[PDB]
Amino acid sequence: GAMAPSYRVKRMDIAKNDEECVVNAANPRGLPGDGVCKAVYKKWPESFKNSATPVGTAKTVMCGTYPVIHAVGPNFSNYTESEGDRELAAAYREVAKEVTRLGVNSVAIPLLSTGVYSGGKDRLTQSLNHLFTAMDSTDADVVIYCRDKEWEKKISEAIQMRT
């Protein structure tokens, strides 16, 4: 574990992370996809060997010795708000299990279902709270990666609020 397990947020490409493993915002079919998924495919293409996994699950594939945890959030275009919320919480619980199993001291993680799977809605708080619910009991340093300057400020505020 980390000596003093923390949350941090960085506004930069998760493919440039400084952590011991990465979570991909994956699609269920293991396709190169868009956004985070495409950046992960460009950086760690070997990790897409048999990475297909259902919605609400996480499947880890090694790129060399570097673990890529493929976490499949729901596409809120397809799911009801209720079912989508349930699957989004489940994907993050599976990420916590994988991070624990791998024995890493740090993990780079995007906010699941906040991009092209958001169904055109702002799900920062929904997705981040589910991240917290899953990751709070882990002792890895968690580094959240985002794109948007305003999201960086809001994620940083939510982290600092609870310390």
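Note that residue numbering begins at 1 and tracks the sequence as displayed.
Checked against the record, the higher mean CA B factor of 144 to 152 and 21 to 29 lies with 144 to 152.
Of the two stretches examined, 132 to 140 and 115 to 123, the record assigns the greater average C-alpha temperature factor to 115 to 123.
The residue among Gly35, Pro110, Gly56, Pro67 whose C-alpha carries the highest B-factor in the deposited model is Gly35. Among all modelled residues in this chain, the alpha-carbon of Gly84 has a temperature factor (C-alpha) in the highest third.
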